[PDB]
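*Asks:* Supplied structure: work_11.cif, mmCIF, C-alpha atoms.
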```cif
data_entry
loop_
_atom_site.label_atom_id
_atom_site.label_comp_id
_atom_site.auth_asym_id
_atom_site.auth_seq_id
_atom_site.Cartn_x
_atom_site.Cartn_y
_atom_site.Cartn_z
CA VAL A 1 -1.09 -14.79 2.65
CA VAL A 2 -2.92 -17.06 5.09
CA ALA A 3 -4.40 -16.05 8.44
CA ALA A 4 -5.99 -18.72 10.57
CA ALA A 5 -7.53 -18.16 13.96
CA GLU A 6 -8.98 -20.90 16.11
CA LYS A 7 -10.74 -20.53 19.39
CA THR A 8 -11.90 -23.54 21.41
CA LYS A 9 -13.77 -23.14 24.67
CA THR A 10 -18.27 -9.22 39.91
CA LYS A 11 -17.27 -6.72 37.22
CA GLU A 12 -15.56 -7.82 34.01
CA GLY A 13 -14.89 -5.70 30.96
CA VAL A 14 -16.77 -2.71 32.32
CA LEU A 15 -16.18 0.65 30.66
CA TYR A 16 -16.94 4.19 31.84
CA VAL A 17 -16.09 7.09 29.50
CA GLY A 18 -16.98 10.76 29.74
CA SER A 19 -15.78 13.21 27.10
CA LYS A 20 -16.34 16.94 26.62
CA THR A 21 -14.79 18.68 23.63
CA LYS A 22 -15.63 22.18 22.40
CA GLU A 23 -14.29 21.21 18.95
CA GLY A 24 -13.11 18.05 17.20
CA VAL A 25 -11.52 17.07 13.92
CA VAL A 26 -10.62 13.39 13.63
CA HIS A 27 -9.13 11.83 10.50
CA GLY A 28 -9.25 8.07 11.29
CA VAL A 29 -7.38 6.12 8.68
CA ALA A 30 -6.40 8.26 5.73
CA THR A 31 -4.36 7.69 2.63
CA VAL A 32 -3.63 10.85 0.66
CA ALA A 33 -1.72 11.04 -2.58
CA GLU A 34 -0.91 14.12 -4.58
CA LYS A 35 0.99 13.62 -7.82
CA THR A 36 2.24 10.15 -6.84
CA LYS A 37 2.67 7.30 -9.21
CA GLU A 38 2.22 4.42 -6.74
CA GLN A 39 0.81 4.19 -3.24
CA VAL A 40 0.07 0.83 -1.74
CA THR A 41 -1.51 0.84 1.73
CA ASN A 42 -2.68 -1.93 3.98
CA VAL A 43 -4.29 -1.17 7.31
CA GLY A 44 -5.14 -4.25 9.30
CA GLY A 45 -6.46 -4.90 12.74
CA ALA A 46 -8.26 -2.41 14.85
CA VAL A 47 -7.68 1.25 14.76
CA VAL A 48 -9.54 3.45 17.15
CA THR A 49 -9.13 7.15 16.56
CA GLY A 50 -10.85 9.70 18.69
CA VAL A 51 -10.43 12.94 20.50
CA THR A 52 -10.92 10.39 23.25
CA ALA A 53 -10.13 6.86 22.20
CA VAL A 54 -10.53 3.81 24.37
CA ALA A 55 -9.87 0.23 23.39
CA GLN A 56 -10.60 -2.45 25.92
CA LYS A 57 -10.03 -6.14 25.49
CA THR A 58 -9.49 -5.62 21.78
CA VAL A 59 -8.64 -9.20 21.08
CA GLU A 60 -9.80 -11.88 23.41
CA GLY A 61 -9.43 -15.18 21.70
CA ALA A 62 -7.55 -15.64 18.51
CA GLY A 63 -6.61 -12.73 16.33
CA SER A 64 -4.58 -13.32 13.22
CA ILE A 65 -3.75 -10.62 10.79
CA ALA A 66 -1.67 -11.50 7.79
CA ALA A 67 -0.66 -8.90 5.28
CA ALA A 68 1.37 -8.83 2.10
CA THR A 69 1.67 -5.32 0.76
CA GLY A 70 3.89 -5.33 -2.26
CA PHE A 71 4.40 -4.41 -5.85
CA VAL A 72 6.48 -6.57 -8.15
CA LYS A 73 7.93 -5.04 -11.29
CA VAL B 1 2.95 -14.65 5.03
CA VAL B 2 1.10 -16.86 7.50
CA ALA B 3 -0.38 -15.80 10.83
CA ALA B 4 -1.99 -18.42 13.01
CA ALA B 5 -3.54 -17.79 16.38
CA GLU B 6 -5.00 -20.49 18.57
CA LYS B 7 -6.78 -20.05 21.84
CA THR B 8 -7.96 -23.02 23.91
CA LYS B 9 -9.83 -22.56 27.16
CA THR B 10 -14.24 -8.37 42.18
CA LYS B 11 -13.22 -5.92 39.44
CA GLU B 12 -11.51 -7.08 36.26
CA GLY B 13 -10.82 -5.02 33.17
CA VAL B 14 -12.68 -1.99 34.49
CA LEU B 15 -12.05 1.34 32.77
CA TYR B 16 -12.79 4.91 33.90
CA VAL B 17 -11.92 7.76 31.52
CA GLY B 18 -12.78 11.44 31.70
CA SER B 19 -11.56 13.84 29.02
CA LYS B 20 -12.08 17.56 28.49
CA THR B 21 -10.51 19.24 25.47
CA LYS B 22 -11.32 22.73 24.18
CA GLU B 23 -9.99 21.70 20.76
CA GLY B 24 -8.83 18.50 19.05
CA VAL B 25 -7.25 17.46 15.79
CA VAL B 26 -6.38 13.77 15.56
CA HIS B 27 -4.89 12.15 12.46
CA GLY B 28 -5.05 8.41 13.31
CA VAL B 29 -3.18 6.40 10.73
CA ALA B 30 -2.18 8.48 7.75
CA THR B 31 -0.14 7.85 4.66
CA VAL B 32 0.62 10.98 2.64
CA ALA B 33 2.53 11.10 -0.59
CA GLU B 34 3.37 14.14 -2.64
CA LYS B 35 5.27 13.58 -5.87
CA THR B 36 6.49 10.12 -4.84
CA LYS B 37 6.90 7.22 -7.16
CA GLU B 38 6.43 4.39 -4.65
CA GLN B 39 5.01 4.22 -1.15
CA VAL B 40 4.24 0.89 0.40
CA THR B 41 2.66 0.97 3.87
CA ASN B 42 1.45 -1.76 6.16
CA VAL B 43 -0.15 -0.94 9.48
CA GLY B 44 -1.03 -3.98 11.51
CA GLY B 45 -2.36 -4.56 14.96
CA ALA B 46 -4.14 -2.03 17.02
CA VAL B 47 -3.53 1.63 16.88
CA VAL B 48 -5.38 3.88 19.23
CA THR B 49 -4.94 7.56 18.58
CA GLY B 50 -6.64 10.16 20.68
CA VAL B 51 -6.19 13.43 22.44
CA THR B 52 -6.71 10.92 25.22
CA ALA B 53 -5.94 7.37 24.23
CA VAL B 54 -6.37 4.35 26.44
CA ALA B 55 -5.75 0.75 25.52
CA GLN B 56 -6.49 -1.88 28.09
CA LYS B 57 -5.96 -5.58 27.72
CA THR B 58 -5.40 -5.12 24.00
CA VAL B 59 -4.58 -8.71 23.36
CA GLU B 60 -5.77 -11.35 25.73
CA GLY B 61 -5.42 -14.68 24.07
CA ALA B 62 -3.54 -15.21 20.90
CA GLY B 63 -2.57 -12.34 18.67
CA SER B 64 -0.54 -12.99 15.57
CA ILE B 65 0.31 -10.33 13.10
CA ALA B 66 2.39 -11.28 10.12
CA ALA B 67 3.42 -8.73 7.57
CA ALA B 68 5.46 -8.72 4.40
CA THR B 69 5.79 -5.23 3.00
CA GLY B 70 8.01 -5.30 -0.02
CA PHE B 71 8.54 -4.44 -3.63
CA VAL B 72 10.60 -6.66 -5.88
CA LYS B 73 12.06 -5.19 -9.05
CA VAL C 1 7.11 -14.49 7.39
CA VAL C 2 5.25 -16.68 9.88
CA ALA C 3 3.77 -15.58 13.19
CA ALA C 4 2.14 -18.18 15.39
CA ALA C 5 0.60 -17.52 18.76
CA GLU C 6 -0.88 -20.20 20.96
CA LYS C 7 -2.65 -19.73 24.23
CA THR C 8 -3.85 -22.68 26.32
CA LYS C 9 -5.73 -22.18 29.56
CA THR C 10 -10.11 -7.85 44.46
CA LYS C 11 -9.09 -5.44 41.70
CA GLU C 12 -7.37 -6.63 38.53
CA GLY C 13 -6.67 -4.59 35.43
CA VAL C 14 -8.53 -1.54 36.72
CA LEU C 15 -7.89 1.77 34.97
CA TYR C 16 -8.62 5.35 36.07
CA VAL C 17 -7.74 8.18 33.67
CA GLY C 18 -8.59 11.86 33.82
CA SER C 19 -7.36 14.23 31.12
CA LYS C 20 -7.87 17.95 30.55
CA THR C 21 -6.29 19.61 27.52
CA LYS C 22 -7.09 23.08 26.21
CA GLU C 23 -5.76 22.02 22.79
CA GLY C 24 -4.60 18.81 21.12
CA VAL C 25 -3.02 17.74 17.86
CA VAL C 26 -2.16 14.04 17.66
CA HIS C 27 -0.67 12.39 14.58
CA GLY C 28 -0.84 8.65 15.46
CA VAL C 29 1.03 6.63 12.90
CA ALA C 30 2.03 8.68 9.90
CA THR C 31 4.08 8.01 6.82
CA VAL C 32 4.85 11.12 4.78
CA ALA C 33 6.77 11.21 1.55
CA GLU C 34 7.62 14.23 -0.52
CA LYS C 35 9.52 13.64 -3.75
CA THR C 36 10.73 10.18 -2.68
CA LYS C 37 11.14 7.27 -4.98
CA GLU C 38 10.65 4.46 -2.45
CA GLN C 39 9.23 4.32 1.06
CA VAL C 40 8.44 1.00 2.63
CA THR C 41 6.86 1.12 6.09
CA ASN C 42 5.64 -1.59 8.41
CA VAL C 43 4.04 -0.73 11.71
CA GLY C 44 3.15 -3.76 13.77
CA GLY C 45 1.81 -4.30 17.23
CA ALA C 46 0.04 -1.75 19.27
CA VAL C 47 0.65 1.90 19.09
CA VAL C 48 -1.19 4.17 21.42
CA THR C 49 -0.74 7.85 20.74
CA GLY C 50 -2.44 10.48 22.81
CA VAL C 51 -1.99 13.75 24.55
CA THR C 52 -2.52 11.28 27.35
CA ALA C 53 -1.75 7.71 26.39
CA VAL C 54 -2.19 4.71 28.63
CA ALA C 55 -1.58 1.10 27.73
CA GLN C 56 -2.33 -1.51 30.33
CA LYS C 57 -1.81 -5.21 29.99
CA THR C 58 -1.25 -4.78 26.26
CA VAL C 59 -0.43 -8.38 25.66
CA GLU C 60 -1.63 -11.00 28.04
CA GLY C 61 -1.29 -14.34 26.41
CA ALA C 62 0.59 -14.90 23.25
CA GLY C 63 1.57 -12.05 21.00
CA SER C 64 3.60 -12.73 17.90
CA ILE C 65 4.47 -10.10 15.42
CA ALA C 66 6.55 -11.08 12.45
CA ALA C 67 7.59 -8.55 9.88
CA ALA C 68 9.63 -8.57 6.71
CA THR C 69 9.98 -5.09 5.28
CA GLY C 70 12.20 -5.20 2.27
CA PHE C 71 12.73 -4.37 -1.35
CA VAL C 72 14.79 -6.61 -3.58
CA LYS C 73 16.27 -5.17 -6.76
CA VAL D 1 11.19 -14.45 9.85
CA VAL D 2 9.31 -16.58 12.36
CA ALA D 3 7.83 -15.41 15.66
CA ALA D 4 6.18 -17.96 17.89
CA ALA D 5 4.64 -17.25 21.25
CA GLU D 6 3.13 -19.88 23.49
CA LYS D 7 1.36 -19.34 26.74
CA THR D 8 0.14 -22.25 28.88
CA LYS D 9 -1.74 -21.69 32.11
CA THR D 10 -6.05 -7.09 46.77
CA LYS D 11 -5.00 -4.72 43.98
CA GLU D 12 -3.29 -5.98 40.83
CA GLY D 13 -2.57 -4.00 37.70
CA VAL D 14 -4.41 -0.92 38.93
CA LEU D 15 -3.74 2.36 37.14
CA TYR D 16 -4.44 5.96 38.17
CA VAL D 17 -3.54 8.75 35.73
CA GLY D 18 -4.36 12.44 35.82
CA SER D 19 -3.11 14.76 33.08
CA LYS D 20 -3.59 18.48 32.46
CA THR D 21 -2.00 20.07 29.40
CA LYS D 22 -2.77 23.53 28.03
CA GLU D 23 -1.43 22.40 24.64
CA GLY D 24 -0.30 19.16 23.02
CA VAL D 25 1.28 18.02 19.79
CA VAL D 26 2.12 14.31 19.64
CA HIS D 27 3.60 12.61 16.60
CA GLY D 28 3.40 8.89 17.53
CA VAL D 29 5.25 6.80 15.01
CA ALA D 30 6.28 8.80 11.98
CA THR D 31 8.33 8.07 8.92
CA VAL D 32 9.13 11.14 6.83
CA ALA D 33 11.05 11.17 3.60
CA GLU D 34 11.93 14.15 1.48
CA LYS D 35 13.83 13.49 -1.73
CA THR D 36 15.01 10.04 -0.61
CA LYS D 37 15.40 7.09 -2.86
CA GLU D 38 14.89 4.32 -0.28
CA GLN D 39 13.46 4.25 3.22
CA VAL D 40 12.65 0.96 4.84
CA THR D 41 11.06 1.14 8.30
CA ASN D 42 9.82 -1.52 10.66
CA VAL D 43 8.22 -0.59 13.95
CA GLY D 44 7.30 -3.58 16.05
CA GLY D 45 5.95 -4.06 19.51
CA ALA D 46 4.19 -1.47 21.50
CA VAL D 47 4.83 2.18 21.27
CA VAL D 48 3.00 4.50 23.56
CA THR D 49 3.48 8.17 22.83
CA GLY D 50 1.80 10.84 24.85
CA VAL D 51 2.27 14.14 26.53
CA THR D 52 1.72 11.71 29.38
CA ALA D 53 2.46 8.12 28.47
CA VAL D 54 1.99 5.17 30.76
CA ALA D 55 2.58 1.54 29.92
CA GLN D 56 1.80 -1.03 32.56
CA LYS D 57 2.30 -4.74 32.28
CA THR D 58 2.87 -4.37 28.55
CA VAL D 59 3.66 -7.99 28.00
CA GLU D 60 2.44 -10.56 30.43
CA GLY D 61 2.76 -13.93 28.85
CA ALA D 62 4.64 -14.55 25.69
CA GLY D 63 5.65 -11.75 23.40
CA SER D 64 7.68 -12.49 20.33
CA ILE D 65 8.57 -9.90 17.80
CA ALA D 66 10.64 -10.94 14.85
CA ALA D 67 11.71 -8.46 12.24
CA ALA D 68 13.76 -8.56 9.08
CA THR D 69 14.13 -5.10 7.60
CA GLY D 70 16.37 -5.27 4.59
CA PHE D 71 16.91 -4.51 0.96
CA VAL D 72 18.96 -6.79 -1.23
CA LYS D 73 20.44 -5.42 -4.43
CA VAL E 1 -5.34 -15.07 0.41
CA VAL E 2 -7.16 -17.34 2.84
CA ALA E 3 -8.63 -16.36 6.19
CA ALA E 4 -10.22 -19.03 8.32
CA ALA E 5 -11.75 -18.49 11.72
CA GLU E 6 -13.19 -21.24 13.85
CA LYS E 7 -14.95 -20.88 17.14
CA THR E 8 -16.11 -23.91 19.15
CA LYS E 9 -17.97 -23.52 22.42
CA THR E 10 -22.41 -9.67 37.74
CA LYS E 11 -21.43 -7.16 35.05
CA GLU E 12 -19.72 -8.25 31.84
CA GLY E 13 -19.06 -6.12 28.79
CA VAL E 14 -20.94 -3.13 30.18
CA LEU E 15 -20.34 0.24 28.53
CA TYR E 16 -21.09 3.78 29.73
CA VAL E 17 -20.26 6.69 27.41
CA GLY E 18 -21.14 10.36 27.67
CA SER E 19 -19.95 12.82 25.03
CA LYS E 20 -20.50 16.55 24.58
CA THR E 21 -18.95 18.30 21.58
CA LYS E 22 -19.79 21.81 20.37
CA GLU E 23 -18.47 20.85 16.92
CA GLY E 24 -17.30 17.71 15.15
CA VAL E 25 -15.72 16.75 11.86
CA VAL E 26 -14.82 13.06 11.55
CA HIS E 27 -13.34 11.52 8.41
CA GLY E 28 -13.46 7.76 9.19
CA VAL E 29 -11.59 5.82 6.56
CA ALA E 30 -10.62 7.97 3.61
CA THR E 31 -8.59 7.41 0.50
CA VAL E 32 -7.86 10.59 -1.45
CA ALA E 33 -5.96 10.79 -4.69
CA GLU E 34 -5.15 13.87 -6.68
CA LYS E 35 -3.26 13.39 -9.93
CA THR E 36 -2.01 9.92 -8.97
CA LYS E 37 -1.59 7.08 -11.35
CA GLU E 38 -2.04 4.19 -8.90
CA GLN E 39 -3.44 3.94 -5.39
CA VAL E 40 -4.18 0.57 -3.91
CA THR E 41 -5.74 0.57 -0.44
CA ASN E 42 -6.92 -2.22 1.81
CA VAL E 43 -8.51 -1.47 5.14
CA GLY E 44 -9.36 -4.56 7.12
CA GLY E 45 -10.68 -5.22 10.56
CA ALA E 46 -12.47 -2.75 12.68
CA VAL E 47 -11.89 0.92 12.61
CA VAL E 48 -13.74 3.10 15.02
CA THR E 49 -13.33 6.80 14.44
CA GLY E 50 -15.04 9.35 16.59
CA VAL E 51 -14.61 12.58 18.42
CA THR E 52 -15.10 10.02 21.16
CA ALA E 53 -14.31 6.49 20.08
CA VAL E 54 -14.71 3.42 22.24
CA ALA E 55 -14.06 -0.15 21.24
CA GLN E 56 -14.77 -2.84 23.76
CA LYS E 57 -14.22 -6.53 23.31
CA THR E 58 -13.68 -5.99 19.60
CA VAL E 59 -12.83 -9.56 18.88
CA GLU E 60 -13.99 -12.26 21.20
CA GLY E 61 -13.63 -15.55 19.47
CA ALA E 62 -11.76 -16.00 16.28
CA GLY E 63 -10.82 -13.08 14.11
CA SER E 64 -8.80 -13.64 10.99
CA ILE E 65 -7.97 -10.93 8.58
CA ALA E 66 -5.90 -11.81 5.57
CA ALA E 67 -4.90 -9.19 3.06
CA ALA E 68 -2.88 -9.11 -0.12
CA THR E 69 -2.57 -5.59 -1.44
CA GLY E 70 -0.36 -5.59 -4.47
CA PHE E 71 0.14 -4.65 -8.06
CA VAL E 72 2.21 -6.80 -10.37
CA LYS E 73 3.65 -5.26 -13.51
#
```
Is it possible to express this structure as structure tokens?
*Replies:*
Amino acid sequence: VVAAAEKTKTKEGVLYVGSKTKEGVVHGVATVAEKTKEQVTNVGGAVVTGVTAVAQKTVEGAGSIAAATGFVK
Amino acid sequence: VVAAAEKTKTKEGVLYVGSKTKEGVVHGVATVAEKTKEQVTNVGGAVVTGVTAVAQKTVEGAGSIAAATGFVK
Amino acid sequence: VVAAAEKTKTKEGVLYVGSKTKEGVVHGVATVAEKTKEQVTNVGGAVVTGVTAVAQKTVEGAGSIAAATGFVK
Amino acid sequence: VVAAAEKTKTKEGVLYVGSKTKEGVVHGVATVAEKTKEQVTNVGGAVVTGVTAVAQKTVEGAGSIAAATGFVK
Amino acid sequence: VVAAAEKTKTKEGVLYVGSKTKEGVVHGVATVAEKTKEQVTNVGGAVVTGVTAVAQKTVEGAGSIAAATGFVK
């Protein structure tokens, strides 16, 4: 499992957010198991969770996610 | 499982968001198991979850996601 | 499972969002298992989930998602 | 499973969204199993799910999704 | 499991957020197990969870996440 990233090197990337919520429940990244013999979870990269969620320019330049998520029996 | 990313190198990328919610429940990325012998999960890359979700310019430049998500028996 | 991305190198990419929700439930990316012997899940790339969801210019430049999602018995 | 993307290098890409929902349930990407011996799922690329969903200019430049989603017995 | 990142080297990256919530519960990244013999979880990269969540310019320059998340029996 190899991940390699290489990077070699007016308004830009400007963000305006307004949010008004009376109530919020946010769970983000959740793994729940009840009575389960095996759970394997891999979360990779960027997760934005919100009542309001904004992602701007998440990856500029190299991004490399490599995942192996397995069980061998 | 190999992921390689290489990058070699007015209004631009400008974001305006307004959100008004009386109530919000957001679950994002969730794995739930009840009574399950095997769950394998791989979440890769960018997940935006919101009552309002905005993604702008998520990947600019190289993005490489590689995933192997398996069980061998 | 190999993913390689290479990148070699007025209003542009401008976003305006307004959202008003009395109530919101968003589940994003979810895997649920009840009483299941095997679940294999791979989510790759960008998922935007919202009562309002906007994706702009998701991939500019290289994007490479490679997935193998299997069980061998 | 190989995915390679290469990229070599007024109003443009301008987005206006207004949304008003009294109520919203959004499930995004979901895998559900009840009582199932095998589920294999691969979701690749960009999924936008919303009461209002907009995708603009999703891929500009190279996009390469490669998926193998199989079980060998 | 090898992750290598190399980097070689008006308004820019400007953020404005206003949020007003009467109530908030946020769970971030959570792993919950009840009565489960094995849970393996790997969360990698950046997770932003909020009633309002904003991520701007998350990765500029190299990002490399490599994960192996497995149990061998």
*Asks:* Quick one: residues within 12 Å of residue C:37, all atoms listed in the file, excluding same-chain residues fewer than 6 positions away - as a VMD selection string?
*Replies:* (chain A and resid 36 to 39) or (chain B and resid 33 to 40) or (chain D and resid 33 to 40)
*Asks:* Mind writing the picked residues with C-alpha atoms as a CSV table (one decimal), in the coordinates of the input?
*Replies:*
```csv
chain,number,residue,atom,x,y,z
A,36,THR,CA,2.2,10.2,-6.8
A,37,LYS,CA,2.7,7.3,-9.2
A,38,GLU,CA,2.2,4.4,-6.7
A,39,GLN,CA,0.8,4.2,-3.2
B,33,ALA,CA,2.5,11.1,-0.6
B,34,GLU,CA,3.4,14.1,-2.6
B,35,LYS,CA,5.3,13.6,-5.9
B,36,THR,CA,6.5,10.1,-4.8
B,37,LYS,CA,6.9,7.2,-7.2
B,38,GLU,CA,6.4,4.4,-4.6
B,39,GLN,CA,5.0,4.2,-1.2
B,40,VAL,CA,4.2,0.9,0.4
D,33,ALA,CA,11.0,11.2,3.6
D,34,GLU,CA,11.9,14.2,1.5
D,35,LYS,CA,13.8,13.5,-1.7
D,36,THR,CA,15.0,10.0,-0.6
D,37,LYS,CA,15.4,7.1,-2.9
D,38,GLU,CA,14.9,4.3,-0.3
D,39,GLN,CA,13.5,4.2,3.2
D,40,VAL,CA,12.6,1.0,4.8
```
*Asks:* Could you tell me which of A:21, A:10, A:69, A:31 comes closest to residue A:50 if we count all atoms listed in the file?
*Replies:*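 Nearest to residue A:50: A:21.
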*Asks:* Sorted by chain and rising residue number, list the residues of chain B at most 12 Å from stretch 16-20 of chain E (counting all atoms listed in the file), each with its closest atom pair and distance in Å to one decimal, as a Markdown table.
*Replies:*
```
| residue | atom | partner | partner_atom | distance |
| --- | --- | --- | --- | --- |
| B:14 | CA | E:16 | CA | 11.3 |
| B:15 | CA | E:16 | CA | 9.8 |
| B:16 | CA | E:16 | CA | 9.4 |
| B:17 | CA | E:17 | CA | 9.4 |
| B:18 | CA | E:18 | CA | 9.3 |
| B:19 | CA | E:19 | CA | 9.3 |
| B:20 | CA | E:20 | CA | 9.3 |
| B:21 | CA | E:20 | CA | 10.4 |
| B:22 | CA | E:20 | CA | 11.1 |
```
*Asks:* Give me the residues within 10 Å of residue E:4 as a PyMOL selection string, counting all atoms listed in the file and dropping any in the same chain fewer than 4 places off.
*Replies:* (chain A and resi 2-6+64) or (chain B and resi 4) or (chain E and resi 62-66)
*Asks:* Evaluated on this file, the PyMOL selection byres ((chain C and resi 54) around 6) picks out some residues - which ones are they, written as a list in words?
*Replies:* residues 54 of chain B; 53 and 55 of chain C; 53, 54 and 55 of chain D
*Asks:* If you measure from atom CA of residue E:28 to atom CA of residue D:25, what distance in Å do you get, rounded to one decimal?
*Replies:*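 Interatomic distance here is 20.9 Å.
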